[PDB]
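The next block holds one structure in the form of structure tokens; read it before the comments.
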Amino acid sequence: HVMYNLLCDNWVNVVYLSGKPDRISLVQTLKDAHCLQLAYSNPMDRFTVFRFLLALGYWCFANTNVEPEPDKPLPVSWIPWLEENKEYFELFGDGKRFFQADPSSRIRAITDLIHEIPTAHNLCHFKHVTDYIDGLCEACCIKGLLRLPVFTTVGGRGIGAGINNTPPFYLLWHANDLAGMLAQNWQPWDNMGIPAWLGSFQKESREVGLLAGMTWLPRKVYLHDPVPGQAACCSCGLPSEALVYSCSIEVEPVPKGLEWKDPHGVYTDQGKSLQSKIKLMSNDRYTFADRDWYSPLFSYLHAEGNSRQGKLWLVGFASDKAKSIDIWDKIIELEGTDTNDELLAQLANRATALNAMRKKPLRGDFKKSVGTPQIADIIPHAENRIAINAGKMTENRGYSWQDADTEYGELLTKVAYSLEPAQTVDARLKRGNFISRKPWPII
Amino acid sequence: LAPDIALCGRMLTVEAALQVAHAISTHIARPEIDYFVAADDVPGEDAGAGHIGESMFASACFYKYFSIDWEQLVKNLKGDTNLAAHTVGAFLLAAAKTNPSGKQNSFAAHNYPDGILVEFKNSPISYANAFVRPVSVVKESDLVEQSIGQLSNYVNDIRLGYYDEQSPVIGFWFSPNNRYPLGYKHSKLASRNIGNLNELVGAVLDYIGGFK
Amino acid sequence: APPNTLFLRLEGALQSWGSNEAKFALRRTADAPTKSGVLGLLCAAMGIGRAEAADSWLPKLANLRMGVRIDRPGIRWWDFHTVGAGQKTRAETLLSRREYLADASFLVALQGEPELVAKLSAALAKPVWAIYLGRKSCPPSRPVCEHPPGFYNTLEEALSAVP
Amino acid sequence: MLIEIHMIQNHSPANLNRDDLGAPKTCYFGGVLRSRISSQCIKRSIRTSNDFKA
Ligand SMILES: [Zn+2]
């Protein structure tokens with residue numbers, strides 16, 4: 001047959017603090033979890049890798065009752081326990097498979113599980129590939145498999161996305177080591193749900209749990225056998241010997257009215273997911289400013305999250321309906337104190353404030369004018385300068401909105417020298433009145 | 001073996017030869033706005049509901065830069081040097097007598113270059129640092145002449161600083177009927193100042209390999 | 001004394017050194033030239049194609065220590081770039097945004113073996129292929145081979161002998 | 001061999017490139033704002049032209 005186990009074969013790429021990148025397996029990773037760091041190009045990939053590692057640690061702690069300690073590699077009696085059930089982490093097996101299901105008759109290309117790599121219909125620019133001729137190696141397939149429970153888009157027919165529907169912002173606390181990283185985000189619950197990757201589909205009740213929530217399977221998936229060859233994959237590009245070229249994917253809807261609060265999610269007012277409203281075109285009620293870091297810094301800092309826990313890390317995936325738009329991440333130094341709610345709510349309205357800035361015309365015409373488009377060209381540079389002092393801005397420990405208003409002064413003069421180029425006297429007064437534009441905080 | 005694939009690149013390995021850079025003006029941008037009104041052919045004389053709109057336009061003196069790789073073009077044609085020379089001449093004509101099609105049915109800015117300089121050198125360079133000071137117009141000059149003068153000063157400084165090392169540079173300054181010479185004296189700032197596009201294409205072609 | 005370090009001047013009207021956060025449509029410069037960016041410029045200087053460079057030329061070139069000094073830190077400007085599909089077959093138009101660094105200057109120092117540095121400096125005086133700054137629509141405004149090499153010391157010392 | 005072509009071209013009041021809003025495309029150089037015609041706009045005009053088709 002074909003043998004490929006998660007623990008036995010190297011499929012996790014890390015970098016040690018001595019500067020040596022490497023690819024290692026699961027057993028070596030948690031053996032030396034205090035001496036390396038996960039290194040993935042796409043931030044969502046390393047986020048889902050950390051989430052799966054945390055879920056596995058939660059299950060093993062639930063079945064060993066050992067709490068991990070900081071600066072340790074890992075708690076003892078975890079590697080032998082994972083070696084006890086090594087047959088459960090099976091891929092390309094016979095009857096037991098990991099994160100897979102029954103062989104549905106529908107056949108799809110292996111590139112559907114990867115968002116950045118285009119699939120059938122749409123376009124194929126920025127990634128020159130074709131279906132069924134370009135495949136995935138023995139690690140990128142598991143990369144795509146681990147991305148299922150948290151980054152599943154709505155899609156076309158088959159609207160049902162997953163346990164979070166539209167993927168929201170994912171916020172979590174950072175560290176400098178993998179064993180250290182797990183300590184900050186170690187929050188055991190009252191009940192550790194039920195396993196959802198133990199080879200059981202496990203139809204549960206309305207109330208679900210952590211081990212059944214972090215390992216959701218919104219789509220039935222079955223990977224075909226490897227094909228001999230020499231070409232590299234379309235995701236990481238390393239030449240190999242075997243590749244996977246097709247899969248069996250068919251959509252499945254979650255039961256309606258499920259109760260599940262994501263530990264790393266952000267919700268607006270009624271459980272609706274707070275996504276990233278970043279697009280490419282500037283239209284009415286939106287001026288493109290990039291780096292929507294200010295948007296989720298209210299809801300996450302309002303429900304048992306008003307601590308420091310080191311530094312914060314935001315992972316934001318933006319998409320409309322089925323089409324994916326962007327993925328980015330932001331680090332924030334968050335070793336400050338508490339903040340007043342009003343100023344923080346004003347901070348989490350910068351998109352509307354900047355749109356109101358841009359929509360104001362030059363001399364006053366109203367109707368439906370686009371305002372001054374030359375202001376919209378200088379906004380993404382001034383917002384990148386403000387984001388340098390993003391830790392001080394949130395908690396008002398040395399920064400403020402009125403402090404950030406002075407960044408636009410250096411560039412609005414250069415805009416005004418172009419908008420009112422006359423050397424007369426009324427032009428000077430017009431420039432002086434135009435220079436004074438500042439964003440207005442509204443709720 | 002088409003010219004449109006070898007020179008420009010793939011339709012939509014096959015590495016091309018062109019290096020069309022962004023065209024950047026030589027002075028302060030002066031955006032202007034227009035308050036148009038969508039008038040109604042039927043008089044009506046009722047229900048006004050003002051149709052005031054806004055459309056932005058500008059006028060500028062652009063400095064445009066192009067590069068052509070001769071070895072890459074020859075490898076793309078695999079040896080047809082006459083075809084390579086013909087494609088270079090065709091691009092020299094086209095890039096001089098072609099304008100973008102954006103909003104030309106309402107503004108009709110069908111203008112022509114006021115001076116083209118063709119150079120041959122080992123290292124690449126762009127004379128964008130010449131217009132680090134925006135061009136200010138004076139009484140006995142216009143914008144075009146001052147831009148050409150700043151280009152002449154930068155070329156003079158470069159040939160005073162970056163020259164010799166067993167590598168002389170060659171210029172082929174052109175201007176319509178020689179109305180805009182590139183500087184005065186200083187060995188005319190380049191080689192022959194000629195006043196016809198066909199003569200410029202012929203001069204470059206006969207310099208490259210003595211082509212037709 | 002045999003040369004030790006090599007100096008590269010990167011300055012143009014527009015330039016862009018892309019980063020890993022550019023995944024779908026929005027393409028962003030990071031803040032400064034990267035090691036992978038300058039080691040495509042050096043590879044295109046000595047005429048090494050995309051193939052045959054990974055197995056031989058890249059491992060020797062990646063064994064270097066480089067540092068970038070920043071003057072005129074640059075103003076990020078965004079560009080609305082549309083790619084016309086058609087003019088699969090459809091009349092659709094793809095939209096994207098691309099970021100550029102306007103009015104920037106970077107000094108790169110690469111330190112390593114002497115004869116490798118000498119070969120690199122000999123290649124840069126007459127590059128085999130066209131040399132740009134990140135994207136092909138961005139040519140340099142000052143010559144890349146503008147500063148001479150030398151038997152200097154560690155990168156902080158090598159980033160001080162340029163005015 | 002590397003042929004380089006430099007051109008100086010003054011244009012009538014027009015709008016040859018646009019953002020997503022409608023203004024002419026601009027850039028920053030030397031401490032002021034400068035009108036800019038993009039690189040991919042110029043390459044599209046040179047290509048697919050009647051001069052380049054004849
Ligand atoms: Zn791969």
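Naming scheme: A, B, ... for chains in displayed order of the structure tokens; residues 1 onward per chain; ligands 1 onward as shown.
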
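Residues of protein, DNA or RNA having any atom at most 10 Å from ligand 1, counting only C-alpha atoms and all ligand atoms, are residues 11, 135, 136, 137, 138, 139, 140, 141, 142, 143, 232, 233, 234, 235, 236, 237, 238, 239, 240 and 243 of chain A.
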
Please, could you write that set of residues out with N, CA and C atoms as a PDB file, in the first residue's frame?
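Heads up, here's the output in again.pdb:
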```pdb
ATOM      1  N   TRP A  11       6.804  17.127   7.628  1.00  0.00           N
ATOM      2  CA  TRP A  11       5.877  17.973   6.888  1.00  0.00           C
ATOM      3  C   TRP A  11       5.680  19.354   7.505  1.00  0.00           C
ATOM      4  N   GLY A 135       0.170  19.717  -9.353  1.00  0.00           N
ATOM      5  CA  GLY A 135      -0.277  19.054  -8.144  1.00  0.00           C
ATOM      6  C   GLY A 135       0.310  19.612  -6.865  1.00  0.00           C
ATOM      7  N   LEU A 136       0.070  18.923  -5.752  1.00  0.00           N
ATOM      8  CA  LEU A 136       0.535  19.342  -4.438  1.00  0.00           C
ATOM      9  C   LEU A 136       1.334  18.219  -3.795  1.00  0.00           C
ATOM     10  N   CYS A 137       2.379  18.587  -3.062  1.00  0.00           N
ATOM     11  CA  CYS A 137       3.271  17.611  -2.453  1.00  0.00           C
ATOM     12  C   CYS A 137       2.637  17.056  -1.178  1.00  0.00           C
ATOM     13  N   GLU A 138       3.430  16.337  -0.387  1.00  0.00           N
ATOM     14  CA  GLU A 138       2.920  15.624   0.777  1.00  0.00           C
ATOM     15  C   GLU A 138       2.782  16.502   2.016  1.00  0.00           C
ATOM     16  N   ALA A 139       3.147  17.780   1.941  1.00  0.00           N
ATOM     17  CA  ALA A 139       2.965  18.716   3.044  1.00  0.00           C
ATOM     18  C   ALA A 139       1.939  19.795   2.748  1.00  0.00           C
ATOM     19  N   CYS A 140       1.897  20.291   1.510  1.00  0.00           N
ATOM     20  CA  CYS A 140       0.924  21.311   1.145  1.00  0.00           C
ATOM     21  C   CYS A 140      -0.499  20.769   1.123  1.00  0.00           C
ATOM     22  N   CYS A 141      -0.678  19.466   0.888  1.00  0.00           N
ATOM     23  CA  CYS A 141      -2.006  18.873   1.009  1.00  0.00           C
ATOM     24  C   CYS A 141      -2.506  18.947   2.446  1.00  0.00           C
ATOM     25  N   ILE A 142      -1.629  18.663   3.412  1.00  0.00           N
ATOM     26  CA  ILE A 142      -2.000  18.793   4.817  1.00  0.00           C
ATOM     27  C   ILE A 142      -2.185  20.258   5.188  1.00  0.00           C
ATOM     28  N   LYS A 143      -1.432  21.154   4.545  1.00  0.00           N
ATOM     29  CA  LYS A 143      -1.649  22.589   4.714  1.00  0.00           C
ATOM     30  C   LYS A 143      -3.063  22.982   4.300  1.00  0.00           C
ATOM     31  N   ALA A 232       7.699  19.872  -9.292  1.00  0.00           N
ATOM     32  CA  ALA A 232       7.422  20.497  -8.011  1.00  0.00           C
ATOM     33  C   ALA A 232       5.951  20.894  -7.917  1.00  0.00           C
ATOM     34  N   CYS A 233       5.521  21.230  -6.703  1.00  0.00           N
ATOM     35  CA  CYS A 233       4.141  21.635  -6.497  1.00  0.00           C
ATOM     36  C   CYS A 233       3.976  23.124  -6.792  1.00  0.00           C
ATOM     37  N   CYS A 234       2.723  23.568  -6.809  1.00  0.00           N
ATOM     38  CA  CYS A 234       2.394  24.943  -7.157  1.00  0.00           C
ATOM     39  C   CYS A 234       2.266  25.859  -5.948  1.00  0.00           C
ATOM     40  N   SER A 235       2.493  25.355  -4.735  1.00  0.00           N
ATOM     41  CA  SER A 235       2.380  26.164  -3.528  1.00  0.00           C
ATOM     42  C   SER A 235       3.739  26.514  -2.936  1.00  0.00           C
ATOM     43  N   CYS A 236       4.569  25.515  -2.633  1.00  0.00           N
ATOM     44  CA  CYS A 236       5.880  25.767  -2.047  1.00  0.00           C
ATOM     45  C   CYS A 236       7.020  25.637  -3.047  1.00  0.00           C
ATOM     46  N   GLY A 237       6.824  24.901  -4.138  1.00  0.00           N
ATOM     47  CA  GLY A 237       7.775  24.883  -5.228  1.00  0.00           C
ATOM     48  C   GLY A 237       8.974  23.977  -5.054  1.00  0.00           C
ATOM     49  N   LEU A 238       9.039  23.199  -3.986  1.00  0.00           N
ATOM     50  CA  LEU A 238      10.166  22.290  -3.815  1.00  0.00           C
ATOM     51  C   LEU A 238       9.999  21.076  -4.723  1.00  0.00           C
ATOM     52  N   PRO A 239      11.010  20.729  -5.522  1.00  0.00           N
ATOM     53  CA  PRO A 239      10.934  19.497  -6.319  1.00  0.00           C
ATOM     54  C   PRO A 239      10.815  18.266  -5.432  1.00  0.00           C
ATOM     55  N   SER A 240      10.018  17.305  -5.890  1.00  0.00           N
ATOM     56  CA  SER A 240       9.724  16.107  -5.117  1.00  0.00           C
ATOM     57  C   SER A 240       9.670  14.918  -6.068  1.00  0.00           C
ATOM     58  N   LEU A 243       3.181  13.529  -6.184  1.00  0.00           N
ATOM     59  CA  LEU A 243       2.262  14.654  -6.110  1.00  0.00           C
ATOM     60  C   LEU A 243       0.836  14.122  -6.109  1.00  0.00           C
TER      61      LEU A 243
END
```

Per residue of chain C within 6 Å of chain B, record the nearest atom pair and its distance in Å to one decimal, counting only C-alpha atoms, with rows in chain order and ascending residue number, as a Markdown table.
```
| residue | atom | partner | partner_atom | distance |
| --- | --- | --- | --- | --- |
| C:126 | CA | B:122 | CA | 5.2 |
| C:137 | CA | B:21 | CA | 4.7 |
| C:138 | CA | B:21 | CA | 5.9 |
| C:140 | CA | B:125 | CA | 5.6 |
| C:141 | CA | B:126 | CA | 4.8 |
```

Run DSSP on the backbone and give me the residues of region 300-367 of chain A it puts in alpha helix (DSSP H), as JSON, numbers by chain.
{"A": [341, 342, 343, 344, 345, 346, 347, 350, 351, 352, 353, 354, 355, 356, 357, 358, 359]}

Using only C-alpha atoms, which residues sit within 6 Å of region 15-22 of chain C once same-chain residues fewer than 4 positions away are excluded, as a PDB file with N, CA and C atoms, in the first residue's frame?
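Dumped everything to result34.pdb:
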```pdb
ATOM      1  N   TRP A 328      -3.780  39.518   5.329  1.00  0.00           N
ATOM      2  CA  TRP A 328      -2.676  40.249   5.936  1.00  0.00           C
ATOM      3  C   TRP A 328      -2.642  39.971   7.430  1.00  0.00           C
TER       4      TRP A 328
ATOM      5  N   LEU C  26      -3.536  42.949  -3.962  1.00  0.00           N
ATOM      6  CA  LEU C  26      -2.803  44.092  -3.436  1.00  0.00           C
ATOM      7  C   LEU C  26      -1.334  43.724  -3.279  1.00  0.00           C
ATOM      8  N   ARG C  27      -0.465  44.459  -3.964  1.00  0.00           N
ATOM      9  CA  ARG C  27       0.967  44.210  -3.946  1.00  0.00           C
ATOM     10  C   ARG C  27       1.655  45.344  -3.201  1.00  0.00           C
ATOM     11  N   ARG C  28       2.426  44.998  -2.175  1.00  0.00           N
ATOM     12  CA  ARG C  28       2.981  45.972  -1.248  1.00  0.00           C
ATOM     13  C   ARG C  28       4.498  45.862  -1.192  1.00  0.00           C
ATOM     14  N   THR C  29       5.168  47.012  -1.193  1.00  0.00           N
ATOM     15  CA  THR C  29       6.587  47.064  -0.879  1.00  0.00           C
ATOM     16  C   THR C  29       6.769  46.943   0.626  1.00  0.00           C
ATOM     17  N   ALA C  30       7.916  46.412   1.052  1.00  0.00           N
ATOM     18  CA  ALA C  30       8.036  46.257   2.494  1.00  0.00           C
ATOM     19  C   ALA C  30       8.489  47.552   3.156  1.00  0.00           C
ATOM     20  N   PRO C  33      15.072  47.279   0.152  1.00  0.00           N
ATOM     21  CA  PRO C  33      15.438  46.097  -0.635  1.00  0.00           C
ATOM     22  C   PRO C  33      15.655  44.875   0.242  1.00  0.00           C
ATOM     23  N   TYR C 100       4.211  51.528  -4.749  1.00  0.00           N
ATOM     24  CA  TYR C 100       5.533  51.943  -5.184  1.00  0.00           C
ATOM     25  C   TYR C 100       6.140  52.857  -4.134  1.00  0.00           C
ATOM     26  N   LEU C 101       7.466  52.896  -4.098  1.00  0.00           N
ATOM     27  CA  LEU C 101       8.200  53.792  -3.213  1.00  0.00           C
ATOM     28  C   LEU C 101       8.712  54.953  -4.053  1.00  0.00           C
ATOM     29  N   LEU C 133      14.435  47.983 -10.738  1.00  0.00           N
ATOM     30  CA  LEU C 133      14.332  48.041  -9.281  1.00  0.00           C
ATOM     31  C   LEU C 133      13.023  47.377  -8.869  1.00  0.00           C
ATOM     32  N   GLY C 134      13.064  46.061  -8.693  1.00  0.00           N
ATOM     33  CA  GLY C 134      11.901  45.315  -8.260  1.00  0.00           C
ATOM     34  C   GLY C 134      10.987  44.910  -9.393  1.00  0.00           C
ATOM     35  N   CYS C 138      10.500  50.143 -13.605  1.00  0.00           N
ATOM     36  CA  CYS C 138      11.204  51.010 -12.663  1.00  0.00           C
ATOM     37  C   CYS C 138      12.700  50.948 -12.933  1.00  0.00           C
TER      38      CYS C 138
END
```

Please list as a JSON list (two decimals) with N, CA, C and O atoms, in the first residue's frame every residue within 10 Å of residue 4 (chain B), counting only C-alpha atoms and excluding residues in the same chain fewer than 4 positions away.
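selection.json, written as the output of this step:
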```json
[["chain", "number", "residue", "atom", "x", "y", "z"],
["B", 8, "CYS", "N", 7.37, 42.97, -27.61],
["B", 8, "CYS", "CA", 6.52, 43.42, -26.51],
["B", 8, "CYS", "C", 6.45, 42.38, -25.40],
["B", 8, "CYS", "O", 6.45, 42.72, -24.21],
["B", 9, "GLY", "N", 6.37, 41.10, -25.75],
["B", 9, "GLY", "CA", 6.29, 40.03, -24.79],
["B", 9, "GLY", "C", 5.13, 39.11, -25.10],
["B", 9, "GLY", "O", 4.57, 39.14, -26.21],
["B", 10, "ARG", "N", 4.76, 38.30, -24.11],
["B", 10, "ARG", "CA", 3.67, 37.35, -24.28],
["B", 10, "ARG", "C", 2.35, 38.09, -24.49],
["B", 10, "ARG", "O", 2.19, 39.24, -24.06],
["B", 11, "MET", "N", 1.42, 37.44, -25.19],
["B", 11, "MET", "CA", 0.13, 38.07, -25.47],
["B", 11, "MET", "C", -0.66, 38.31, -24.19],
["B", 11, "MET", "O", -1.09, 39.44, -23.92],
["B", 87, "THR", "N", 11.99, 46.11, -36.55],
["B", 87, "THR", "CA", 11.15, 46.26, -35.37],
["B", 87, "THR", "C", 11.59, 47.44, -34.51],
["B", 87, "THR", "O", 10.75, 48.15, -33.95],
["D", 47, "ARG", "N", 1.57, 48.98, -28.36],
["D", 47, "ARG", "CA", 1.04, 47.73, -28.87],
["D", 47, "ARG", "C", -0.36, 47.96, -29.44],
["D", 47, "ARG", "O", -1.00, 48.98, -29.17],
["D", 48, "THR", "N", -0.82, 47.01, -30.26],
["D", 48, "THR", "CA", -2.18, 47.00, -30.82],
["D", 48, "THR", "C", -2.52, 48.31, -31.54],
["D", 48, "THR", "O", -3.68, 48.74, -31.56],
["D", 52, "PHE", "N", 1.74, 50.01, -35.46],
["D", 52, "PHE", "CA", 2.38, 48.74, -35.16],
["D", 52, "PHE", "C", 1.69, 47.56, -35.82],
["D", 52, "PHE", "O", 2.18, 46.43, -35.71],
["D", 53, "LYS", "N", 0.56, 47.78, -36.50],
["D", 53, "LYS", "CA", -0.07, 46.75, -37.31],
["D", 53, "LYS", "C", 0.25, 46.87, -38.79],
["D", 53, "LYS", "O", 0.29, 45.85, -39.49]]
```

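Of note, CA of residue 175 (chain A) and CA of residue 265 (chain A) are spaced 19.4 Å apart.
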
Practice task
List every residue of chain C that DSSP, applied to the backbone of this structure, assigns to strand (DSSP E or B), and report them as a PyMOL selection string.
Solution key: chain C and resi 5-15+18+26-27+29+65-84+93-111+133+135+150

For the selection you just gave me, I'd like the residues written to a file as a short mmCIF file (atom, residue, chain, number, x, y, z; two decimals), in the first residue's frame, keeping C-alpha atoms.
```cif
data_model
loop_
_atom_site.label_atom_id
_atom_site.label_comp_id
_atom_site.auth_asym_id
_atom_site.auth_seq_id
_atom_site.Cartn_x
_atom_site.Cartn_y
_atom_site.Cartn_z
CA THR C 5 32.49 44.18 0.33
CA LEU C 6 30.47 45.39 -2.64
CA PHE C 7 28.31 48.52 -2.83
CA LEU C 8 25.03 48.91 -4.72
CA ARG C 9 23.11 52.17 -5.10
CA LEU C 10 19.36 51.75 -5.62
CA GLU C 11 17.58 55.02 -6.41
CA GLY C 12 14.87 55.87 -8.91
CA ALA C 13 11.73 57.90 -9.38
CA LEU C 14 9.66 54.81 -8.56
CA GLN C 15 10.65 51.43 -7.13
CA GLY C 18 7.49 43.24 -2.86
CA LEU C 26 -2.80 44.09 -3.44
CA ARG C 27 0.97 44.21 -3.95
CA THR C 29 6.59 47.06 -0.88
CA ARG C 65 25.91 39.31 4.64
CA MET C 66 24.13 42.43 3.38
CA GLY C 67 22.87 45.63 4.94
CA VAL C 68 20.77 48.50 3.63
CA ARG C 69 21.09 52.15 4.62
CA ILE C 70 18.03 54.29 3.89
CA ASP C 71 18.05 57.93 2.83
CA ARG C 72 14.96 59.73 1.55
CA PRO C 73 12.80 57.02 3.18
CA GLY C 74 10.22 57.27 0.40
CA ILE C 75 6.51 58.02 0.15
CA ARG C 76 4.25 55.09 -0.64
CA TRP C 77 2.08 55.70 -3.71
CA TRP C 78 -0.67 53.36 -4.86
CA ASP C 79 -1.57 52.56 -8.46
CA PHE C 80 -4.88 51.22 -9.82
CA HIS C 81 -3.73 48.54 -12.26
CA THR C 82 -6.29 46.78 -14.46
CA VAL C 83 -5.55 43.67 -16.52
CA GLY C 84 -7.99 43.13 -19.37
CA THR C 93 -11.48 43.11 -16.40
CA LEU C 94 -9.35 42.21 -13.39
CA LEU C 95 -8.58 45.00 -10.92
CA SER C 96 -5.61 45.27 -8.58
CA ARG C 97 -3.60 47.84 -6.66
CA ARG C 98 0.19 48.08 -6.65
CA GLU C 99 2.40 50.02 -4.24
CA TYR C 100 5.53 51.94 -5.18
CA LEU C 101 8.20 53.79 -3.21
CA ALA C 102 8.51 57.33 -4.59
CA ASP C 103 11.69 59.38 -4.08
CA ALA C 104 13.76 56.78 -2.22
CA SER C 105 17.46 55.90 -1.98
CA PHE C 106 19.05 52.74 -0.59
CA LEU C 107 22.69 51.75 -0.17
CA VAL C 108 23.25 47.99 -0.11
CA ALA C 109 26.51 46.47 1.15
CA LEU C 110 27.18 42.79 0.47
CA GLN C 111 30.20 41.26 2.20
CA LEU C 133 14.33 48.04 -9.28
CA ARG C 135 9.50 45.65 -11.18
CA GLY C 150 37.47 47.50 -0.63
#
```

Of A:373, A:209, A:398, A:421, the one nearest to chain D when counting only C-alpha atoms is A:373

Inset, instruction - Return as a count of residues only the residues belonging to chain A that are within 12 Å of chain D, counting only C-alpha atoms. - result: 33

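Near residue 152 (chain B), within a cut-off of 9 Å and counting only C-alpha atoms, sit the residues residues 130, 147, 148, 156, 157, 182, 183, 184 and 189 of chain B, with same-chain residues fewer than 4 positions away left out.
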
Can you check which residues of chain A have any atom within 8 Å of chain C? Use only C-alpha atoms and format it as a PyMOL selection string. chain A and resi 41-42+116+121+123+126+280+324-329+377-378+380-381

Would you mind listing, as a ChimeraX atom specification, all residues of chain B that have at least one atom within 10 Å of chain A, where only C-alpha atoms are what counts? /B:12,28-33,35,50-56

Writing out the chosen residues with N, CA, C and O atoms as a tab-separated table (two decimals), in the first residue's frame:
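result.tsv written:
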```tsv
chain	number	residue	atom	x	y	z
B	12	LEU	N	-0.83	37.27	-23.38
B	12	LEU	CA	-1.45	37.38	-22.06
B	12	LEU	C	-1.19	36.11	-21.26
B	12	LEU	O	-1.69	35.94	-20.15
B	28	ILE	N	5.26	71.09	-11.35
B	28	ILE	CA	4.19	70.86	-10.39
B	28	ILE	C	2.92	70.46	-11.14
B	28	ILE	O	2.53	71.10	-12.12
B	29	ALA	N	2.28	69.38	-10.69
B	29	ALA	CA	1.00	69.00	-11.25
B	29	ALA	C	-0.05	70.04	-10.90
B	29	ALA	O	-0.09	70.55	-9.78
B	30	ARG	N	-0.89	70.38	-11.87
B	30	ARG	CA	-1.93	71.39	-11.69
B	30	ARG	C	-3.27	70.78	-12.10
B	30	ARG	O	-3.73	70.98	-13.23
B	31	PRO	N	-3.90	70.02	-11.22
B	31	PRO	CA	-5.21	69.46	-11.54
B	31	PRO	C	-6.28	70.54	-11.55
B	31	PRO	O	-6.31	71.41	-10.67
B	32	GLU	N	-7.15	70.49	-12.55
B	32	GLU	CA	-8.24	71.43	-12.69
B	32	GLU	C	-9.56	70.67	-12.78
B	32	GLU	O	-9.59	69.49	-13.14
B	33	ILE	N	-10.64	71.35	-12.45
B	33	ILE	CA	-11.96	70.74	-12.38
B	33	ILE	C	-12.91	71.47	-13.32
B	33	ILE	O	-12.74	72.66	-13.61
B	35	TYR	N	-17.11	71.99	-14.27
B	35	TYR	CA	-18.48	71.89	-13.77
B	35	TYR	C	-19.43	71.79	-14.96
B	35	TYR	O	-20.01	72.78	-15.41
B	50	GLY	N	-30.87	70.41	-10.01
B	50	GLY	CA	-29.61	70.76	-10.66
B	50	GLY	C	-28.67	69.64	-11.06
B	50	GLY	O	-28.33	68.77	-10.25
B	51	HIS	N	-28.25	69.66	-12.32
B	51	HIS	CA	-27.45	68.60	-12.92
B	51	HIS	C	-25.96	68.90	-12.90
B	51	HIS	O	-25.23	68.50	-13.82
B	52	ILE	N	-25.49	69.60	-11.87
B	52	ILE	CA	-24.08	69.97	-11.79
B	52	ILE	C	-23.24	68.74	-11.51
B	52	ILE	O	-23.49	67.99	-10.55
B	53	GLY	N	-22.23	68.51	-12.35
B	53	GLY	CA	-21.26	67.46	-12.11
B	53	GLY	C	-19.85	68.01	-12.02
B	53	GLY	O	-19.66	69.22	-11.97
B	54	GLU	N	-18.86	67.13	-11.99
B	54	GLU	CA	-17.46	67.54	-11.94
B	54	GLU	C	-16.61	66.54	-12.69
B	54	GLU	O	-16.81	65.33	-12.55
B	55	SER	N	-15.67	67.04	-13.49
B	55	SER	CA	-14.73	66.19	-14.20
B	55	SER	C	-13.35	66.82	-14.14
B	55	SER	O	-13.22	68.02	-14.39
B	56	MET	N	-12.33	66.04	-13.82
B	56	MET	CA	-10.99	66.56	-13.60
B	56	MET	C	-10.14	66.38	-14.85
B	56	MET	O	-10.21	65.35	-15.52
```

Compute the set of chain D residues within 7 Å of chain B, using only C-alpha atoms, and express it as a PyMOL selection string.
chain D and resi 1-17+22-24+29-30+32-39+41-43+45-46+51-52

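Our summary of the geometry notes that CA of residue 109 (chain A) is positioned 15.5 Å from CA of residue 127 (chain A).
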
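What separates CA of residue 112 (chain A) from CA of residue 40 (chain A) is a distance of 19.8 Å.
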
Which residues come within 12 Å of residue 6 (chain A), counting only C-alpha atoms, excluding same-chain residues fewer than 3 positions away, as number ranges by chain?
A: 3, 9-12, 24-29, 82-83, 85-93, 97-99, 138-139, 141-143

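Using only C-alpha atoms, the nearest neighbour of chain D within the list C:132, C:54, C:162, C:127 is C:127.
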
Checklist entry - residue 195 (chain B): which residues within 10 Å, counting only C-alpha atoms, same-chain residues fewer than 4 positions away excluded, as a PyMOL selection string? => result chain B and resi 115+173-181+199-200
